[PDB]
Each structure stands twice: as C-alpha cells, then as structure tokens.
Amino acid sequence: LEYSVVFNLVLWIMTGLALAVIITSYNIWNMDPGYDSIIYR
Amino acid sequence: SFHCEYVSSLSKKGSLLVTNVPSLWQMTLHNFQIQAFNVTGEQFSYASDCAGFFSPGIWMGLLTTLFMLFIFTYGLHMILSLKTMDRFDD
Amino acid sequence: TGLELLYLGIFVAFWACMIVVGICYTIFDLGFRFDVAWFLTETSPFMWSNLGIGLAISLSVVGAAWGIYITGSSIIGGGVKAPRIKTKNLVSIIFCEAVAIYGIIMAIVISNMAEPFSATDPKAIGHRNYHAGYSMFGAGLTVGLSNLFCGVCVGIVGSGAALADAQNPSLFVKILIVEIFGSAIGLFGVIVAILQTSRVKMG
Amino acid sequence: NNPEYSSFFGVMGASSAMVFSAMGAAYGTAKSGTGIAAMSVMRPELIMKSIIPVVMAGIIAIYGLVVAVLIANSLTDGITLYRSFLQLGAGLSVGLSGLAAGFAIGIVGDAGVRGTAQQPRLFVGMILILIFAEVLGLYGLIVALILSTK
Amino acid sequence: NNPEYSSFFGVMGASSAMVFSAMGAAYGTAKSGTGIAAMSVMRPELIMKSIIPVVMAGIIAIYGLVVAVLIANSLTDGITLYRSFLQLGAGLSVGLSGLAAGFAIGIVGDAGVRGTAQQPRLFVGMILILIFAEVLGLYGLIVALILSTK
Amino acid sequence: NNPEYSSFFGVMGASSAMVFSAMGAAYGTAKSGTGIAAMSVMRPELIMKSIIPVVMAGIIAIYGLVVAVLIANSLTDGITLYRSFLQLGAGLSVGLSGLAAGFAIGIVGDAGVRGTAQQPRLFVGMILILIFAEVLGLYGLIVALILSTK
Amino acid sequence: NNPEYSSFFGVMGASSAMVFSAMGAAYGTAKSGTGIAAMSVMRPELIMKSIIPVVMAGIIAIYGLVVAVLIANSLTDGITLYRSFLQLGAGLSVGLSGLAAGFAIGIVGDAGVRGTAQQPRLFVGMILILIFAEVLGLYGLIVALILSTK
Amino acid sequence: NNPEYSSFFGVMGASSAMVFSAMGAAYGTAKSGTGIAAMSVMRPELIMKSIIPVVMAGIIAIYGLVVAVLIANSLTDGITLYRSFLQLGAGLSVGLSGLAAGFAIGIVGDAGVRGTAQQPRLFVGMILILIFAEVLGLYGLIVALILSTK
Amino acid sequence: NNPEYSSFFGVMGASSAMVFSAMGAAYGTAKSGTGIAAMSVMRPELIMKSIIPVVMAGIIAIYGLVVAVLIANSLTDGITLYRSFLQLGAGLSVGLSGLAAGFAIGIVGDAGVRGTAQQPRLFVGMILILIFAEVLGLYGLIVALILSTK
Amino acid sequence: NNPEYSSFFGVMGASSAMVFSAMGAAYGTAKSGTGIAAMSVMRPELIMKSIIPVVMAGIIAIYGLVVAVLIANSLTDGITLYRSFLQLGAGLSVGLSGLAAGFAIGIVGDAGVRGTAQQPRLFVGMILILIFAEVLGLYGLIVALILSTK
Amino acid sequence: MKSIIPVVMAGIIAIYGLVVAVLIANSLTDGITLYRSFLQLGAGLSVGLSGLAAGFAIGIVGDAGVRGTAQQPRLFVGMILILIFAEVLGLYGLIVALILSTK
Amino acid sequence: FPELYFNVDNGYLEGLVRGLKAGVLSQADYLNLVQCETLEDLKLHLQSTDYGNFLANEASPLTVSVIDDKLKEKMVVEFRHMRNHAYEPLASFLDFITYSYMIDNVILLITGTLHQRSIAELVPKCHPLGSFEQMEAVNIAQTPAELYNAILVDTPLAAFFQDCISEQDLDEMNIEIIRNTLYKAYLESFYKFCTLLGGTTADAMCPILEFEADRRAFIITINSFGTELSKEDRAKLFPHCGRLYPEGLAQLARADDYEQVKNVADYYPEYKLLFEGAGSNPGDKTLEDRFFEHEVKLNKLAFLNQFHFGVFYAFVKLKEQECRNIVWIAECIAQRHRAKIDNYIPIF
Amino acid sequence: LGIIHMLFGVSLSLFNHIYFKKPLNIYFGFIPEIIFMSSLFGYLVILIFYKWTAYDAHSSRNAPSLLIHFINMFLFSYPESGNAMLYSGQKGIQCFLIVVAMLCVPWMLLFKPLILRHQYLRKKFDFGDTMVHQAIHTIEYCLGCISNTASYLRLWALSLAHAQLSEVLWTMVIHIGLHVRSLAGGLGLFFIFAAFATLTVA
C-alpha cells in the first residue's frame, strides 16, 4: 500500500528536478557569451 | 488472483474492512492473497495488486495540479514575455 | 524558443509515454488496469462540477480579456490620429464584455444546480448524480471555451473595425456586422450549455 | 442497466461539437473580419459582397450548435454505453470538421477579399472556394447526424 | 460475447475518417485558395481553370465522407471486437491518407497555380502532379474499404 | 468521517485566488510601469493621471486577496468534498479571471499611457476601456463570493 | 484461445503501411511539385521530363498500398497475436521507410529539378540519386512482405 | 488518524515560499540591477537613489523567508494532512505572489530607473508604481499567514 | 511456456533496423542530392563522380535491410524473451547507428560536394571522411549480427 | 519499522542543495566572467576589483555545499519520512534559492562591471546591488538549515 | 600554449566524474542495501551535474577569457582567477559525492 | 494565430502607424497642389493637412531645399517616435529599415576618409535615420583602416561588413561597388529575417523585398552596359532573394544589351508590364518611374493585411515617396516647368 | 600533503611580514590564521594517523568512520550516539579546537581596522574601506581553508585517472599480443607494443 503515493512522489519530484536541471542547463548552454569586442574582427 | 498488503479494520493499515456499526472485533491480513475461481493446481495465478500507480485521491489531486499548471503556464508565458524599451525619446 | 521547446518536449514525452503505456498494458494483458470506468467512477463528481463552474467564468473572462486587449490597443493606437474613434468603437469592448456576461450567467445557472450528495460509494451516489457531475462539467467547459474563442474573435474583428474607422469614419457601421457574427458564437456556447444543464439534478 | 459513467462520452460529444465549431467559426470569422476591415478602406462598396466568408464561418457555428442540441436532447443518466460513444463520435466528427472548415474559410476569406479588392472577377472564384471549404462542415454534419441519431 | 465498449474504436474510425479527411481537404483548399486569390490579380481568366486543386481537395473530403458513412452505417450495439478495430483502421487509413493527399494538393495547388500564371504551359504539368497527389486519397480509400468490409 | 485529502482542494483554491490574481496584477503593473516610463520622458506632468491602470491592476489583486481570505477562513479538517471543490472553484474563478483582467489592464494600460501622452483626448477613453477590463475581474469576484459562501 | 486485442496490432499494420506511405508520397509530391512549378517559369520543355520525382513518390504510395492490402486481406477473428505483431512490424517497416523515401524524393526532387533547369546534364544525376531514394521504399516493402508472410 | 508522508505538502510549502520568493526577488533584482548599471554611467548622483527597486526586491524575499520559517518551525512527525496542506497553500501563496511581484518590481525597476536619467520627475512616479508592485508580495504574505495559522 | 507478447520486441527490432536506417539513408541522400544539384550549375562534369555520398547512403539502408531480414527470418510464436530482446537490441543498434551514419554521410556529402565544386583537390579528402562516416553503419551491423546470433 | 525507500528524498535533498547551487554559481560565474573578460580590454586595471560578482557566485556554491553536507551527515537507513522530507525541502530551498541568487549575481555582475568600466562611480552601486542578489542564497540557506535540523 | 588552461580546467571535471564513477562502481553488489544504493545515486548525480555546472562555467569564461586575453594579455591572471570559482564547482560535486558514497 | 499575440506589445504602434499613414496626400491632394503658381501656395495647401505649421518659424525667402529638409524632418520625427517605443520583436525590424540609410552614410564616411577629409564635416550630410549610436569612429577619424576597425565595433552593421568587405577591399574597390555589395548582404539578410517572422509579416513583407531584389537586378543590369562592370560584377551585385534567382539573374549576368534584359523581363508578367509600360519615348514615363509606381502598388497592398510589421516598412517607403512627390511638385512649380508635373507617383 | 603545504604557506607569510616590518599583520593576521588552520587541520591529521595504528582486521567490524567524526567536530554536534568515539576525552578536544578556531575570526576581521582608526585619529584611507577590505580578506582565507583543503583531492583524482588509462591501454592492446607459440607471440608483441607506446605517449 502507499505505492501510488510513493510513485506520485518520486515521479513528480523527479520530473520537477529533471525539468529544473534541463531548463537551467538549456539556459546556461544557450547563454550569450558576450564577446562583441572580437566577434566582428 | 488478488493481492493486498493489508486487508484490515485499522486505519493505520488502510481500513479496507469497513463496519457501518460499532464492533467488538478487529482483523489484519498482512500480504493477503486470495484466488477462488478457475484455480489450477495449488499455485496462485498472477495477482492484481490492491495498489496501482494511482488512487482516487491522487487522480483528484493531479487533475487539479496538472490542470492548474496549464493555467499557471499561461500566466508564466505572458509574464515572462514582458519587455522594456531599449531607447527613450528626444 | 525555450518555452516552445519546453511545451513541445512535455507534449512529446507525455504522448510518447502514453503510446508506450498503451502498448505495454495491452500486450502484457493488463486491460483490467487502465480502468477508465474506475477513473470516472472514483474521481469525485464534485470535481467535475466545480471545474465546470470555475471554467465557465474563467475561460469566458480569458476570452473577454484577450478581446479587450486586442481591440482596446488598436482603439488607443488609432485614436491618437483620430480622436473620434473612442466612442463608436467602444461597442467592440461592450461585445467583449458581453462574452464575459454570457459566462457569468451560465456559471451562476450551473452553480445553482450544485448540491451535496452525502454519499461516498458509486452505487450510493447513483447514475443521476454522476450524470449531473459530468453534464455540469461539459456545460461549463462548452460555454467557457466557446466564449474564449468568441472573445478572441470579437476583439480581433473589433481591432479590424477600429483601424479601418481611423482611416474612413463611414466604414464603422458597415464593418460592425462582423462583431455580431462573432458574438453569435458565445451565444451558441450558452445555448449548448443550457441544454447540457437542463436535465441535471444533484442529491 | 447502463454504467454510471455512461453519459461522460456523450457529454464530451455535445461539448466537442460546439467548442471545436466555436473555434472553427471564431478563427474563420476573425481571420475573414481582419481581411474585410483592412480591404474595406480601399474599396468601401465591397463590404456587402465581402461578408460572405463570415456568413460561411457562421454556418460552421450552426453545425456545431445543431449536433450539440441533438446530442444534449439525447442525454440521460440511463443512456446505454453504445449510444454514448456514438454521441462522442458525432461531436468530434462535426466539431473537428467544423474546425477544419473554419480554418479553410478563414484563410480563403482573407485572401479572397484582398484579391477581390484588386480584381473584382475573383468574386465567383471566392464563392466556389468557400463552397468547397464550407462543405467540409456539412460533411462533418452528415457523419455526425448519422452517428448521433443512430 | 463482446465488450460493450468495443464500438468505441469503430466510432473513432468513423470520426477519424471524416475529421482527418476534412483537415486534408481544408488544408488543400486553404493553401490552393490563397494561391488562386493572389494569382487572379495578374491572370483573371485563370480563375475557372485554377480551381482544379480545390475541386480535388473536395474529393479527399468525399473519401472521408464515404468511409465515415460506411463505418457509421456498419456500427451496431453489440459489435464484434475485431470488427470494431477494422473500422478504426479503416477510419485512420482513409482519414490520414486524406490528410497526406490534402497536404500535397495544397502545396502542389498553390505552387502550380502561381507557376501557371507565370507559365501558361504548366497547366498540364500541374494537373498530372495533382492526380499523383489526389490518388493518395484513393489508396487511403482502397485500404479503408477493404478493412471496413473484411 | 470525510476523506483524508478533502481539505486540499479548498487549499489550492485559496492559493490560486492569490497567486493568479497576483500574476495578473503584476503584469498589469509591469506593462503600465513601462508605458509610464516611455511616456514620462516627454510628458512628465502626466504621471499622476497615468497612474490609473496601475492602481486598477492593484485592485485586481485585492479581488484575489478577498477570495483567498474567504476560502482560508472557511477551511477545516472535517470539510466535506462539496465545500472543498466549491472553494477550488472560487479559487480558479477569481484567480484566472483576475489573471486575465490583469492582462487586459496591462496591455490597455501601456497603450493608454503612451496614447494619452501624444493625444490628451484619449485619457477618458483609456479610463473607460480599463473600467471594462476591471469589471472582468469583478465577475470572477462575484462568482467566487457566491461559491465561497455556498 | 487467441487474445481479444490481437487484431488491433494487425490493423495498425495495415493502416500504418498506408498512412505513412501516403505521408511520404505527399511530402515527395509537395516538394517536387513546388520545384517543377517554380522551375517551369523559364523552361517549358522540362515540364513533362521533370515529373519523374513525382512518379517515384507515387510509387512509394503503392508500396504502402501493397502491404496495406496484403495485411488487410489476412486479418481475421482468430489471429494469434504473433501474426498481428508481424503485421504491425510490416506496416511500420514499409510505412516509415516510405516516409523516409518520400522525404528524400522530396528534397532531391526539388533541388534536382531546380538544378536541371540551370544545367540539363544534371537530369541523369537526378535519376541516379532518385533510384537511391526510391529503393528505400523497396527495402521497406521487402521487410514488410517477409514479416507479413512469415 | 495521521498518515505517513504528511510532511511532503507542508515541507514543499516551506520550500516553495522561499524558492519562489527568491526567484521573484532575483528577477526583481536582475532587471533592476541591469537598469541601474546601464543607467548610472550618465548619472552618478542617481546610484544611491535608484537602488530602491533592488531594496523592494529584497523585501519580497523577506516575505518568503517569514512564511518559510513560520512553516518550518510548525512541522511535526505525523502532522495531520489538513495542517500540512495549509502549509503548502501558505507556501505557494506567498512564494508565487512573490514571484509575480518579482516580475513587476523587475520591470518597473528597469524601465523606471533607466527613464529617470533622462527625466528626474519619473523617480517619484517609479516609487509609487513600485509600491503597487511590492504590495502583491504583501497580499501573498497576508494569505500565507492566514492559511498557516488555521 | 514463454509469454505470448515475446515476439513483439523481435518484430520491433526488424522494423527498427529497416526504419531507422531508411531515415539515415534518406537524410544522407537528401543532403547529398541537394549538394550535387546545387553544384551542377558551376561544374556539370562532377555530378557523376559526386554520386558516391548517395551510394554510401544507400549502403546504410542495405545494412538495415540485412538485419531486418535476419531478424524477420528468426521469429516463432514461442520465442523466448531473451532472444526477442536480442532482436530488439540488434534492430536499434544497426538502426540508430545507420541513422548516425546517415547524418554524417549527409552533412559530409553536401559540404564535401559543394567544396569539391570550388576545389578539385578536396575529392580525395572527402572520400576518406565519407568512409569514416559509413563505417558507423558497419559498426552497427557488427553489433547487430553479434546480438541477433547469441 | 518505519518505511524503507525513505532515504530517496533525503538523498535527493543533498543532491539538490549541491546541484542547483552549483548551477546558480556556474551561471553567476559564467555571466560575470563574460563581463570581466569583455570589460578588461577597455580598462585593464579594473580586473582585480571586478572579481567580486564571481566571488559572491562562488559563495552560493558554498551555501549549497553547507546544506548538502549537513543533509548527508544526517541521513540513515531508518530515517523517518519526517526527517527525509525535511531534508528534501532543505535541499531545494537552498538549491533553488541559490539558483535564483546565482541568476541575479550573474546579471548584476555583468551589467555592473560593463557599466563600471564606463563610469567607476558605479562600483559601490554594483556591490550594494550584488549584496541584495547574494542574500537570497543566505535566506535559502537559513530555511534549509531550519528545515534539515527541525 | 597558455590558452590551453580552460581546456585542462574542463578536463578535471571528467576526472572528478571518473573518481566517483569508479568509487560507486567498485562499491556495487548483487542485493546491495537500498540505503547504500540511493547514496550512490545521490553521489552520482551530485558530481555528475555539478560537473556539468562547472563544465558550462569553464566553457563560457574560457571562451570569453581567451578572446579577451588575446586583445589584452593582463586578462590572463583574471581568467585563471575566474577559472578557480568555475572549476571548484566540480570539486564541490566531488566532496558531497565522496561523503554520500561513504555514509 | 499571430493576431492573438501581436497586439500584446505592438498593438499601440500598429494603430499609431496606420493613423500616421492616414496623414498622406491623396490623389486629389496632389491634383490640388499642382493647381498653383508659387511655393507660398505649397505652404497654403499643406497648411490644410498634417504637415501644417512645418514652415512656421522659418525665413520668408523660402526655397525648395527648405521644403525638402522640412519634409524629411517630419518623416524622421514620425519614425524616431515609433523606434523609441517599439519592443525587441519589432525594434530589430525597424532597425533593418534604418539600415537602408546607414549604408549610404557608411559610403559618405568611407568616401570622406579615402579623401582624408574629417568625418565630422560629413555628419550634417548623412541621412538622419542613419545615426550611428557611438560617434567615437567619427571623433577619431584618424585613417580609413581606423574607420574600418571602428565601424566593426561601434556599429551593429559589422555583421554585414564581415561577409563582403575586407580592409584591403575597402581601399581597392570603387565606393559604388561597396554600396551595392553591402545592399546585397542587407537585402538578403532582411529577407531571411522576415521569413523568421512567419505568417503575415513574411507573407506580405516578402513580396516587397522580393521585388526590390528583382528591381536591383534589372536596374543594375541596364545601367552597367556602358561600364567597367563585367558579367561577374553584375552577378556579384544581384540580390539572390528575388524571383529571378534560379535563372533570370544568370541570364542578366550573361546579358550585354537592353533587348536581352527585356527578354528576361518578358518571362514574368509582373515585369513584362513594366518594360511594355515605358519605352523611354519622347514625352513617355521612364522605366525607373514604372518601378516607382510598382513599388507604391506593393507598399499599398502591404496595408491590406492587419497584424504584421510590414506596415512600418511600407509606411517609411511611402512617406519617402510622399517627400519625393512634394519636392518634385515644388520643383515643377518653382522652376515654372509645369508641363511634366504629373510625373509624381499617386499614393494612399 | 595539502595541509602541510598550506601550513608552510602561512609560515612563509610570517617571514614575509617580518621582512617588511609589519607587526599588525603578524599579530592580527598570522596568529589567529595559523590557530584557525592548525586547530581544524591538526584534529583531522591526528585522527588519520591514529586510525592507521589504533585499529586492525579484528577491530574492523563496527569501526568508526573518520569523515563523520570530522564533520561532527566542525558542527559541534556529535549526538552521543551512532559511531563510537575513537579515544578517551575526544569530546573535550573537539569542543576546544572548534571553539578556538571560531574565536579567531573577530581578531582578523575587526581588531586591525579599530587600531588603524585610532592610529589615524592620533596622528594629527577610511575606517569603513579598511573594514570592507580586511573583512573580505579574512572571509576569503577562512572559506579558503575548507575549499583549498578539498582542492588537494586533485592529486588522488589525477593519479586514479592515469592508472586506469594505463590499465585499459594494457588490457585492450598488450593482452592481445600474448600467444601460445614462441614465433607467433614474438612477432605479435613487437607491433602490439609499438602501437601501445604511441597511445601511452599521446
């Protein structure tokens, strides 16, 4: 018993953590590196 | 067949046994397993468990949460789409 | 980009998992799970009823707000060079607000149908009572989304009318017929929700 | 008798019938109305011809209404599960075809009024192209009547 | 004998035959109708020739309708479960092949109509290409007829 | 007596009433503050008049507050699911309505502020359009006052 | 003896064989029609000779049909699940290979046709790269025949 | 009687108050700090006044901390689900109201600060709209104090 | 005895070997034919020697055919899960390694052909690069032969 | 005695405290380092003052380490769910408040430094703004310490 | 020859991953106690994803820092100072991972 | 579907710019301006419409140069006021409009430094839309090589220079080849950028840019036949985003006579009609004037869609055509040569 | 190794401040800095050597974990339970060394700024600027103690990686060169080791 509760804890906590990692990782990986002083020379 | 962790009259163990009236009796079948038609040999067939991936309380919960997260996402998509001017007038 | 990839990623991962689950429950012979009957029966009728009531408002109000922001922004943007716009074109705002009022009427009617069952078992609840819960959800969702689309429609065509009026005033009354065909959609959402509600009783 | 959840699919029939036809008719009208209003500045006389895409998108809302009325007048707590699925088929089949017709009407109405304002000879072509768009709502209605009244 | 829910698959058949054929025909009509509308400003005489894409998009709608009517008249209260799945198959087979045919009639129609206004010789080429777009609907229909009557 | 989870739906009700109306009023205030900034550089005297869409966005979040307080004062452990779902209904109904009205106040506010700056005849027009936008928040409030007291 | 759901996979075989091949042929014909249309503006003579990318997309549509009829003619009540999985694998194997071939015929058909206008010597190259695109539909057939008749 | 797992909701309450209030105050600060540092190059005298959006962003995080502490010091092993959900409701209700206020403080901070350098009169206007952005965090607090004390 | 579903994974293995390698060889052909066709206007003679990327794309589909045949001939109703899983692994291994080889052959073939058009020396280089692409399909085959024969 | 599997959330608390604060500090460091690097070309003397946003970003990773270590030291196989959740919520509270603070530190570091090179008076302002960005991590830590030790 | 530093600072993140991967892998067994197995998960994520955070931190400040250094040689010291507070994120993932792996 | 977001940020300016387009001279207004005898009558007519008071606080010995500059002043204040308001999805698009003037300012800057003239002397000649954000290039002016390096840092134009202009090319190339090769890169990039703004913006902006690409191809070709530009140079300047790109451009590169250009134009009805529409006969409208008439047709058509940024581009080009019309009328009035005055292009 | 070289580093600081005649730096910096470091490090190093002598295979069952006692010492939070203590009176030693280290920070942070304030008031720069700089330096040294200690784990990390790369290269390349006949194995090993040597160099 409680197995639907264990599962809906672990599934949704892990999907929340995995989205927080994925979104943050996507945001930093596609962050502007900002080297405008040389990108044109 | 059927399997359950606690066919019991106690709330601490799921309250599967229900009395509509006061009772002098209590019971618990820890890991209860039963099969009573189309049995073969002395071996149980595959068991449906009393606990699946979801429950009535969880479906009501998710059909709210994973509905209002659609609505909060609309909130979040418009608020995150706020912008500001890069210039101001002469 | 990022939010589109997030919504696409969730949508794809969700439906890919429902394909894998649908195949796996089928081929393992677990058709005694995936019991949609259990889902619709043990999920409380009060939930369906109240999602119906709250959506009948909020989706109608989401439509009417979308409608107001669209036509009201062109009204103001054109009204800079044509101050006459602010009066006649206000009908496109009043028709957006009518779409919310269609929502409020229909949600109050559905709310007046909601009652306590005092029951916690499917046979004790009984068919009329599940049928109330679902038909109240459906009525509320029908009006709610029909008004959402009607509000999006009225504001859009009201922006059309106000930007045309800013260029030639004689156009407004001639164009304004399109907002009537828009506002018909919300009214049809109300007529259907009335009929879906007309037979229910909770208790 | 029938199961308690029986009427759920039939309710989603009536709701789909109207909502997707409201979505169709709203997009068909919204798109067409932008065309009409923008076009009318150049050619103010053309409004009474150019309303026809909007009347067509209004007919799609009527198709969604017709099937939703017939389904709602055919709902009861006592409904057999077989009829309740047919009512869902009917509601999707008009609703999403009404949506498909609304999309076409909206796109061709806007292009059609814009073309017409430069070249009035397009008007016969526009009416033909709108007939071939709006008839998808009618096919959605035919299939939905056959399901909902069976 | 059979699940009371069995008809649900055949009902999603009838709906999907209609709906996805309507979405095919709607896209075929929207895309080529936009082409006809813009085109008719330069070559007004071509309206009553350039309509052929739209006529064939209507034919994909007709294929959806044929199978959706065939399924809907072939459904019954106690339908045999595999006979219900055959009807789902038929409905997706014509419905989505109709959608695919609609996609080709749409893009071929738009490009072929604009191209024909640039090039009077293209008309025969466009028609041959549209037949190779519209026949996908017909193959969708052949499979769906065979399945729905197996 | 009542189910263990029962009070949760009323709780999310109270939360949504405040959160969603907060998001709406936040957007309302952010758009209006941007419009005020781009307006003030040219028309600094106008600020005390151009505050109207901001204070109206702040009023939208009071409609959320009022319901979130009413729901929260109505909670208890022993709550029946009927009262709990009525309170979730009050929650989304004010919540998303306030959210939507906040979006209309923000966008109409930013325009109305930038428009009034160039054309003083619009100040009353902006006030009127925003009154329609505020009334959409009031409708959410009316049903949420009904549901939370039912 | 055999499972209830067994024929659903056999059906998904037939349907997929058709639907994904129609999608492949539709994409092949949509890109190729775009290319032929835009090419023909300065090349009357090529309108007939250039239709070969379309004809090969029409063959992908037949590879779908062949497997879909071969599966459909072998569906029945008693199907032992194993034969239904074989049929699903056949239907996906031809279907999605038809989709891949259709993608490739589209891209090489567009680019190849445009290039053939610029340089008529390209035409033999366009045939060779198209044999290598069309044969993916044939491999899709070969596997599907083997599976559906194992 | 009290179940296991009760802590999750109350704990996610405490954490959500802190996390979303910190996200709010981090967006409020990031936009304001961008505004201040892009602005101040032309106006050194405004640095020690244009900090106010950042101070108000800090206060949203304090409302978060208040509720997160008030929840964290009111958890117990085997807490009843009613108090635990109330602590979730309080948690989200300040946390997300702080997030919303964080967006508003950010935007009025950026636009109001940058605008001030070209127009000093805007600063008092920016303070007032920034109180209207800040006070949503306070409505979130008021609801969160209420829920956590039922 | 062994589970009735066991053949499914082997069949999805066979399908996968064909499907994912057809997707690979299609993409490799599509990009290669684009590059060849775009080259031809400037270098009409190189279009024959530049077939080689397409031939290697074809070879990736032949590897996926081989494993799809070897899997498809190795199936029976009673197939042990151990063996069916080997076949699924084999299918994905050649299939996705063929897709990987296809992405390589395409990008290398396009850039290599359009480079060789401008630079007659590059041919000797790009064939070595294409070999280091196509060998991925051979590694996939090797692991698929190894898996399917345990 | 009490539930097995209880460890999972406590362990996830340690990981969340570290991972998200390391993401915060990485973003903070990264964004700030682009600022320092691009600035240094114009002002080769400001390098050693300009490190402070990088240092404060590093301190966010220290806060996540402090909680992660405190959690890990407080784990046991027999951990009551009350302590296990308190550890998860502590983990997310610092982890994500540190992420928020890291976002703020990255943005105000970069904007502060690029502004400071154009006007050295901003340096004090960048420090004051940055204290309000960094204290969010300290608040997250406070709640995490209170939770994990409750 | 100087600007290789960011590559080697990224290089240590793989090695921090390897240290924990090896430590976990040697500590596995048939029927491992769940508690010891979750500890190994938490370690494995904590290094792996802090390594990932440090990987991005090094990538961005290495790309900007090397470019900046070629325009201004004085940045060489600022760059390697920045690469401390970048690469230390990999180390903190290691610290917690070792603590968890031996708890 | 785009309508349903567009007015969130652009709704106000969309209303504003259509309102500003209502403030243009109709065909009847041009037919009134030509009725007169002196520039004082141009003032008195324009006083009845949106340009009123544009010659208040100005000297009584009025000149056509003052009317030209004051009409440009109104056009540029009407545009600066929108650019200062627009948000990033539109603000990048309005900046692409300004590039059609910054290219010419860069040619003035390059021409000044090649002639060693101080760049600050040319700032008053540069078009006001093409204002550089950083004047430090202008303040330094030290060498052409310094100007090149300074442009590549100070200006967001740098990404176009990197594709077509090296420092050695900047000295070796003729400035008119630099002007056109820049415009090739701009127009192809602005087209690609518009195809990212999908739906209505692409669908009703792209025809104008597709035409400008073909207009450039024809006009560059016919003007090159008496000149140093080889077959390769014409091809190198033609913009590849026009309808003619697959074939027509290649035939125009091969061309050496106006009959061969007409043969290319005779494949496309849209262009066949321009070459039939002007034979360059005595008293005829020129081929260039037919392209200006067609450009006005396309810009008018862009106002017939609602929710798109195409109206901001079509507005700037129509106000430019209006300035050009008022100045041409004012020249025919001031120079007394009213016989040709009808050569203005009607707009609405 | 890292602890000892950091203890040398603070000792090198003492010499350098003496050669610049800076009594303030040795008094307010070096003394509390070495005490902070030495109290934390000394406990840890003592425990490491003690474990290697105080335990064996017999005492290995239920043997105490060193890192836990080290963390608990810094937390001031051993709960009288869980792991057994390592030696008699160790609780007092934990309490003493951590409290002594915690008492170092105020001297380093504030006491030098206060003396510098009174020197500049009597000799008749700012107090706040001095406080900010000295606080930052103090905090960087103290947080650096933890971080820099852990940074010496790079030693181990690299040493493992080198060993495992070497082990894999041997097992993948050299092992294949071994054969059951003298001539075949002798020819195989020659080319196998040349390929191996190339990979070891790279």
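Residues numbered from 1 in each chain as written, not as in the entry; some residues may be left out. Chains lettered and ligands numbered in written order. Part of a larger assembly, values for the part shown. Heavy atoms only, no water.

In the PDB archive, cryo-EM is given as the structure determination method for this entry, at a resolution of 3.8 Å.

Concerning the nonpolar core
Counting 676 residues, the largest nonpolar core has C:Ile68, L:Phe93, L:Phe218 and L:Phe312 as its most contacted members. With near-sequence residues (within four places) excluded, L:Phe93 lies in contact with L:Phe190, L:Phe193, L:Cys194, L:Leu197, L:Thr201, L:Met205, L:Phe309, L:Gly310, L:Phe312 and L:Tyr313. Judged by nonpolar contacts, the second largest core, of 21 residues, contains M:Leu47, M:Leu66, M:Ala101 and M:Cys104. (Core = buried A, V, L, I, M, F, W, Y, C linked by side-chain atoms within 4.5 Å. Buried < 20%, exposed > 50% of the residue type's maximum accessible area, 1.4 Å probe, protein only. Contact = heavy atoms within 4.5 Å.)

Points about the interface of chain D and chain L
At the junction of the two partners, chain D supplies nine residues and chain L supplies nine residues. Between chain D and chain L, the buried area comes to about 930 Å², and carbon and sulfur atoms account for 66% of it. Sorting the residues of chain D by area buried against chain L places D:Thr34, D:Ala38 and D:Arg114 first, and these three jointly supply 41% of that buried surface. If you look at where chain D meets chain L, you find zero salt bridges. Our count for the contact surface shared by chain D and chain L stands at one residue pair in polar contact. Breaking the side of chain D that touches chain L down by element, the ones donating at least two residues are α1 (7–42) and α4 (81–118) of chain D. Broken down by element, the residue count for the side of chain D that touches chain L peaks at seven residues, all from α1(D). Its residues placed into classes, the side of chain D that touches chain L shows five nonpolar, two polar and two charged. (Buried area = accessible area lost by both parts, 1.4 Å probe. Salt bridge = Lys/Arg side-chain N within 4 Å of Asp/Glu carboxyl O. Polar contact = N/O pair within 3.5 Å; in protein donor to acceptor, adjacent residues only side chain to side chain. Helix = DSSP H or I, 4+ residues; strand = E, 2+ residues; numbered from the N terminus. Nonpolar A, V, L, I, M, F, W, Y, C, P; charged D, E, K, R; others polar.)

Some words on the interface of chain C and chain D
With 43 residues of chain C in contact, the opposing surface of chain D contributes 43 residues. Regarding the contact of chain C and chain D, the summed buried area is about 3,500 Å², with carbon and sulfur atoms giving 81% of it. The three residues of chain C that bury the most area against chain D are C:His127, C:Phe181 and C:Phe188, which together make up 17% of that side's buried surface. Inspection of the chain C/chain D interface yields zero salt bridges. Summed over the shared surface of chain C and chain D, the result is nine residue pairs in polar contact. For the side of chain C that touches chain D, the elements supplying multiple residues, two or more each, are α2 (36–42), α7 (127–167), α8 (171–175) and α9 (177–197) of chain C. Among the elements that line the side of chain C that touches chain D, the one with the most residues is α7(C), at 21 residues.

Observations regarding the sheet that holds strand β1 (residues 2–3) of chain B
All names here are of chain B. Taken together, the three strands give an open sheet; going across it, the order is β4-β1-β5, and neighbouring strands pair in mixed fashion. The sheet terminates laterally at β4 (33–34) and β5 (48–49), the two strands that pair on one side only. With two bridges connecting them, β1 and β5 associate as parallel partners. Paired with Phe2 across the strands is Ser48, a residue of β5. (Pairing = 2+ DSSP bridges.)

Digging into the UniProt feature "transmembrane region" in chain B
Feature annotation in UniProt assigns "transmembrane region" to the following positions: residues 52–72 of chain B. In the segment residues 52–72 of chain B, helix accounts for 81% and strand for 0%; the C-alpha atoms at its two ends are 29 Å apart. (UniProt positions renumbered as here; feature names shortened; annotations may be inferred.)

Details of unusual backbone geometry
Residues and elements named next belong to chain L. Although it is not a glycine, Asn53 sits at a positive phi angle of roughly 65 degrees. Along the chain, the position of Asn53 falls in the loop between α4 (39–46) and α5 (64–83). Even without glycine at this site, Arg336 takes up a positive phi of about 60 degrees. Tracing the sequence through the fold places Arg336 in the segment after α18 (310–334).

Re the environment of L:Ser166
Residue and element names in this part refer to chain L. By the secondary structure assignment, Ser166 is in the loop between α9 (158–164) and α10 (167–172). Counting along the chain gives 18 residues from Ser166 to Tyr148, while the straight-line C-alpha distance between them is 8.8 Å. At 2.6 Å, the side chain of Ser166 forms a polar contact with the side chain of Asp169.

Examining the environment of F:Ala104
Among the structural elements, F:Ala104 can be located in helix α4 (residues 81–118). Counting along the chain gives 43 residues from F:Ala104 to F:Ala61, while the straight-line C-alpha distance between them is 14 Å. Beyond its immediate sequence surroundings of up to four residues, F:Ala104 is in contact with C:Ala65, C:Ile68, C:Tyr69, F:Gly109 and F:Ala133.

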